[PDB]
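The block underneath contains the structure these notes are about, expressed in structure tokens.
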Amino acid sequence: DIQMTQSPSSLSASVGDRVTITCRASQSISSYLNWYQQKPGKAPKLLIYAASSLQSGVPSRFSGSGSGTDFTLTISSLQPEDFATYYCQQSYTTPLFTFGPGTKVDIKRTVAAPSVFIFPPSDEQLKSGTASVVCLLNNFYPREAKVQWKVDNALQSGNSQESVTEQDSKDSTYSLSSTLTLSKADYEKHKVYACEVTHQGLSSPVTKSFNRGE
Amino acid sequence: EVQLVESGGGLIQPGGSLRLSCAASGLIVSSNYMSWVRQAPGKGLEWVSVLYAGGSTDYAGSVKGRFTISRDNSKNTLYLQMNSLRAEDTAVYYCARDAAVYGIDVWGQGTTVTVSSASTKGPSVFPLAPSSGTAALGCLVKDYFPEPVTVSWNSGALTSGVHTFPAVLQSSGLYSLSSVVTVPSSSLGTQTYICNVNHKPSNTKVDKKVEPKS
Amino acid sequence: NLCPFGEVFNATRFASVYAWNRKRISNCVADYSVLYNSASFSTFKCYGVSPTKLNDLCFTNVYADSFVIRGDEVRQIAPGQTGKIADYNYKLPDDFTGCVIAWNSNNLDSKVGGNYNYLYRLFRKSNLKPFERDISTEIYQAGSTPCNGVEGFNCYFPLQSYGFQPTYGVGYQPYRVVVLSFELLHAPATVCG
């Protein structure tokens with residue numbers, strides 16, 4: 001079986017840039033390799049077939065190249081409509097095709113550190129028996145950020161979920177929230193709830209926190 | 001034009017059945033490799049089953065035995081019978097024409113299949129209270145099913161700095177999102193902030209006032 | 001005289017699967033254990049017969065088909081198989097009687113740069129019948145508007161190349177296949193042991 005891989009998982013570019021996505025097949029597939037574009041909420045769009053042929057109706061700033069294990073997709077001058085996610089697909093073993101994992105191209109922007117806020121659980125929610133603690137990371141770039149819950153300094157593992165916005169229409173930044181979900185019984189046997197965030201735009205990690213009941 | 005029109009998705013309980021339909025216009029199903037491909041939330045493209053022009057079938061290992069692809073040449077329509085559905089069959093389902101070395105050039109529009117044992121349920125709306133330049137506040141919209149829920153702030157008079165996050169699916173099978181906004185600290189005493197939640201599947205409408213805590 | 005199995009198994013060229021070669025064996029004697037006591041074949045399945053008993057039997061005619069396919073694809077040279085080779089290039093009947101002999105030909109049929117001599121039909125409107133041989137090279141009409149010998153949308157060239165180097169995976173390398181068919185008719189049997 002042939003496994004496909006994609007160079008950088010995500011890359012940033014400005015309009016008018018020259019962008020290069022790579023793709024690698026886990027075994028030589030000659031030139032049976034196609035490239036696809038996908039924007040959120042819509043179906044994929046064929047860009048390149050047979051490694052380097054341009055699909056009908058696709059702008060000529062798109063082009064492919066490669067044979068064997070390694071392939072490249074180039075966009076000569078990135079247009080604003082090209083910010084999207086790009087997948088490769090091999091057709092050596094047609095019709096049992098495997099897809100690459102994707103490359104997201106977002107909008108480059110200067111680096112911006114997140115504003116971090118920690119939100120205790122409301123006392124409404126504490127009646128129902130659950131406690132939700134929320135960590136907000138607001139208006140940061142680039143998308144790579146890591147959140148770490150500590151409870152009374154013990155790092156938490158399997159009890160948090162995260163969500164991130166699309167890149168802002170006018171900031172070009174991201175915002176992220178992380179939610180720690182505890183039982184009320186468990187919530188109340190501990191004192192210090194803390195949010196440790198690390199991001200490229202911060203000197204050293206930032207920590208917001210609160211003491212339960214203060 | 002050439003178009004693959006899909007239909008038949010929806011909610012279904014685990015163990016249920018569902019029949020997807022793909023009506024072709026501009027190509028002959030009987031003459032093509034017709035594939036079903038699905039894409040789970042936040043994942044990539046996965047091949048499901050295929051219908052050779054000659055009549056052979058093949059299926060993904062994970063659906064082998066529960067799904068059966070077929071067609072009706074009179075109606076020029078591709079089908080997929082989905083029996084014994086599990087939670088992980090939840091994905092957007094695409095029909096597509098596989099032209100092999102020439103690429104998967106014709107894609108359907110998507111039809112969404114949610115397999116769940118959750119009861120439909122209106123959300124709880126808890127306040128993410130501001131604490132002690134700029135303050136952040138918000139609403140936790142917890143435990144609603146199915147999707148989706150819409151949020152706004154002071155009935156649409158408040159749109160600057162608003163972030164409504166994508167919903168997450170909790171281990172309980174209910175969804176949950178938060179919506180935050182950044183406003184000037186100085187307005188906390190004076191300005192009223194109310195979030196307006198709407199969940200049409202359960203005919204639930206909530207407004208919740210977010211104050212500083214005492 | 002005995003049977004020219006050496007001029008089919010050891011022949012310099014082999015055919016593409018879509019245009020598979022066939023040889024009609026007649027009025028000779030054939031030692032088959034010399035084939036199964038060669039130890040040089042990766043595949044040697046016999047159907048409706050046992051290879052050892054084979055030198056004891058007589059047939060009116062024996063047919064040797066031969067062609068190249070890919071490794072994962074020898075699975076399809078069996079009764080009751082589906083896939084682009086067995087559907088669209090070479091089909092065995094459900095009641096086949098004979099032997100499917102395959103071996104690794106990566107040493108001879110896969111050169112650097114590409115061995116684009118070996119082809120296979122990739123597009124066909126319907127499944128082959130057993131022992132059918134499709135050689136047409138028409139443009140394939142995937143739509144309702146005819147192609148008129150021009151490649152383009154809905155208009156595909158039906159054969160595609162393998163591209164075999166001597167540097168590959170496992171079942172993506174070239175295999176030479178020989179299918180022996182045993183026919184017994186109400187006619188003087190001419191191939192014996």
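By convention in this document, the chains of the structure tokens carry letters A, B, ... by their order, each chain's residues are numbered from 1, and ligands are numbered from 1 in the order they are shown.
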(Q) Select, as a ChimeraX atom specification, those residues of chain B with any atom no more than 7 Å from chain A (distances computed using only C-alpha atoms). (A) /B:44-45,47,98,100-105,107,109-110,126-129,165-166,168
Requested write-out: C-alpha atoms of the selected residues, as a PDB file, in the first residue's frame:
```pdb
ATOM      1  CA  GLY B  44      -9.193  14.645   5.221  1.00  0.00           C
ATOM      2  CA  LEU B  45     -10.619  12.815   2.224  1.00  0.00           C
ATOM      3  CA  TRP B  47     -12.219   6.700  -0.187  1.00  0.00           C
ATOM      4  CA  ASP B  98     -12.664   8.866 -10.941  1.00  0.00           C
ATOM      5  CA  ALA B 100      -7.876   7.545 -13.059  1.00  0.00           C
ATOM      6  CA  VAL B 101      -4.773   9.079 -14.616  1.00  0.00           C
ATOM      7  CA  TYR B 102      -6.846  12.099 -15.736  1.00  0.00           C
ATOM      8  CA  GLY B 103      -7.936  12.772 -12.132  1.00  0.00           C
ATOM      9  CA  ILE B 104     -11.061  12.868  -9.994  1.00  0.00           C
ATOM     10  CA  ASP B 105     -12.491  15.757 -12.026  1.00  0.00           C
ATOM     11  CA  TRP B 107     -17.250  16.007  -7.566  1.00  0.00           C
ATOM     12  CA  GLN B 109     -21.787  18.736  -3.648  1.00  0.00           C
ATOM     13  CA  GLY B 110     -21.629  16.894  -0.355  1.00  0.00           C
ATOM     14  CA  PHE B 126     -23.662  30.193  31.233  1.00  0.00           C
ATOM     15  CA  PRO B 127     -21.886  33.515  31.622  1.00  0.00           C
ATOM     16  CA  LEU B 128     -18.123  33.906  31.097  1.00  0.00           C
ATOM     17  CA  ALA B 129     -17.873  36.912  33.402  1.00  0.00           C
ATOM     18  CA  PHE B 165     -15.949  29.340  18.304  1.00  0.00           C
ATOM     19  CA  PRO B 166     -16.611  26.154  16.341  1.00  0.00           C
ATOM     20  CA  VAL B 168     -16.760  20.641  19.942  1.00  0.00           C
TER      21      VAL B 168
END
```
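Among the residues of stretch 107-150 of chain A, backbone DSSP assigns strand (DSSP E) to residues 107, 115, 116, 117, 118, 119, 130, 131, 132, 133, 134, 135, 136, 137, 138, 139, 140, 145, 146, 147, 148, 149 and 150 of chain A.
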**Q.** Top pick for closest residue to residue C:183, considering C:152, C:93, C:4, C:98 and counting only C-alpha atoms
**A.**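 Looking at the shortest contact to residue C:183, the residue is C:98.
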Q: Would you list the contacts of stretch 64-79 of chain C as a VMD selection string, taking every protein, DNA or RNA residue within 6 Å and counting only C-alpha atoms, but skipping same-chain residues closer than 6 positions in sequence?
A: chain C and resid 14 to 17 20 to 23 86 92 to 94 171 to 180
Proximity of chain C to chain A: per-residue shortest pair, 8 Å limit, only C-alpha atoms, as a Markdown table:
```
| residue | atom | partner | partner_atom | distance |
| --- | --- | --- | --- | --- |
| C:163 | CA | A:30 | CA | 6.8 |
| C:168 | CA | A:28 | CA | 6.7 |
| C:169 | CA | A:27 | CA | 6.3 |
```
Q | Counting only C-alpha atoms, chain C residues within 7 Å of chain B, as an MDAnalysis selection string | A | chainID C and resid 82 124:127 142:144
Q: Would you please work out which residue, of C:28, C:57, C:3, C:128, is nearest to residue C:91 when using only C-alpha atoms?
A: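 Residue with the minimum atom-to-atom distance to residue C:91: C:128.
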**Q.** Residue list (helix (DSSP H, G or I), DSSP) for stretch 56-165 of chain C, as a PyMOL selection string
**A.** chain C and resi 56+72-76+84-88+106-109
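Atom CA of residue B:158 to atom CA of residue B:191 spans 11.1 Å [interatomic distance, one decimal].
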**Q.** Near-stretch 38-46 of chain C list (6 Å; only C-alpha atoms; drop same-chain fewer than 4 positions) as a PyMOL selection string
**A.** chain C and resi 98-103
Could you write out that same residue set with N, CA and C atoms as a PDB file, in the first residue's frame?
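Heads up, here's the output in out.pdb:
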```
ATOM      1  N   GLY C  98      -6.716 -25.901 -15.620  1.00  0.00           N
ATOM      2  CA  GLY C  98      -5.374 -25.553 -16.045  1.00  0.00           C
ATOM      3  C   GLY C  98      -4.600 -24.856 -14.934  1.00  0.00           C
ATOM      4  N   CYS C  99      -3.492 -24.225 -15.341  1.00  0.00           N
ATOM      5  CA  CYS C  99      -2.495 -23.738 -14.400  1.00  0.00           C
ATOM      6  C   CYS C  99      -2.098 -22.310 -14.738  1.00  0.00           C
ATOM      7  N   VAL C 100      -1.972 -21.491 -13.694  1.00  0.00           N
ATOM      8  CA  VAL C 100      -1.551 -20.093 -13.777  1.00  0.00           C
ATOM      9  C   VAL C 100      -0.143 -20.015 -13.206  1.00  0.00           C
ATOM     10  N   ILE C 101       0.849 -19.763 -14.054  1.00  0.00           N
ATOM     11  CA  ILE C 101       2.257 -19.785 -13.655  1.00  0.00           C
ATOM     12  C   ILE C 101       2.829 -18.379 -13.753  1.00  0.00           C
ATOM     13  N   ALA C 102       3.298 -17.845 -12.638  1.00  0.00           N
ATOM     14  CA  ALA C 102       3.852 -16.504 -12.642  1.00  0.00           C
ATOM     15  C   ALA C 102       5.245 -16.523 -12.030  1.00  0.00           C
ATOM     16  N   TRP C 103       6.024 -15.499 -12.367  1.00  0.00           N
ATOM     17  CA  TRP C 103       7.351 -15.337 -11.792  1.00  0.00           C
ATOM     18  C   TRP C 103       7.778 -13.883 -11.929  1.00  0.00           C
TER      19      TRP C 103
END
```
Q. Which residues, written as a PyMOL selection string, have at least one atom at most 10 Å from residue B:40, with only C-alpha atoms counted and residues fewer than 4 positions away on the same chain left out?
A. chain B and resi 44-46+88-93+112-113
Pull N, CA, C and O atoms from the residues just selected and write them as a compact mmCIF listing (two decimals), in the first residue's frame.
```txt
# COMPACT_ATOMS: atom_id res chain seq x y z
N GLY B 44 -9.39 14.54 6.65
CA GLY B 44 -9.19 14.65 5.22
C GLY B 44 -10.14 13.75 4.43
O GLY B 44 -11.13 13.24 4.95
N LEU B 45 -9.80 13.57 3.16
CA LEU B 45 -10.62 12.81 2.22
C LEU B 45 -10.32 11.32 2.32
O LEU B 45 -9.16 10.90 2.22
N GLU B 46 -11.35 10.50 2.52
CA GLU B 46 -11.19 9.06 2.62
C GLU B 46 -12.06 8.38 1.57
O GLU B 46 -13.27 8.64 1.50
N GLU B 88 -18.70 6.77 13.82
CA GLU B 88 -17.56 7.13 12.97
C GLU B 88 -17.87 7.09 11.48
O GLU B 88 -16.99 7.38 10.67
N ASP B 89 -19.07 6.71 11.09
CA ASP B 89 -19.50 6.95 9.73
C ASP B 89 -19.93 8.40 9.52
O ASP B 89 -20.24 8.80 8.38
N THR B 90 -19.96 9.19 10.60
CA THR B 90 -20.32 10.59 10.52
C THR B 90 -19.22 11.35 9.77
O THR B 90 -18.05 11.35 10.17
N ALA B 91 -19.62 11.98 8.67
CA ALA B 91 -18.74 12.63 7.72
C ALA B 91 -19.63 13.26 6.68
O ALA B 91 -20.80 12.90 6.57
N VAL B 92 -19.08 14.21 5.93
CA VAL B 92 -19.68 14.67 4.68
C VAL B 92 -19.39 13.63 3.60
O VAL B 92 -18.24 13.22 3.43
N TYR B 93 -20.40 13.22 2.85
CA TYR B 93 -20.20 12.18 1.83
C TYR B 93 -20.25 12.78 0.43
O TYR B 93 -21.24 13.42 0.07
N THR B 112 -24.39 15.50 4.26
CA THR B 112 -23.85 15.26 5.59
C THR B 112 -24.63 14.16 6.29
O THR B 112 -25.86 14.16 6.29
N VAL B 113 -23.90 13.23 6.89
CA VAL B 113 -24.46 12.07 7.57
C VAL B 113 -23.99 12.14 9.02
O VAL B 113 -22.78 12.02 9.29
```
Q. Could you pull the residues within 6 Å of residue A:192, counting only C-alpha atoms, minus those fewer than 6 positions along the same chain, as a PyMOL selection string?
A. chain A and resi 151-152+210-211
**Q.** Near-residue B:170 list (9 Å; only C-alpha atoms; drop same-chain fewer than 4 positions) as a VMD selection string
**A.** (chain A and resid 161) or (chain B and resid 143 174 to 176)
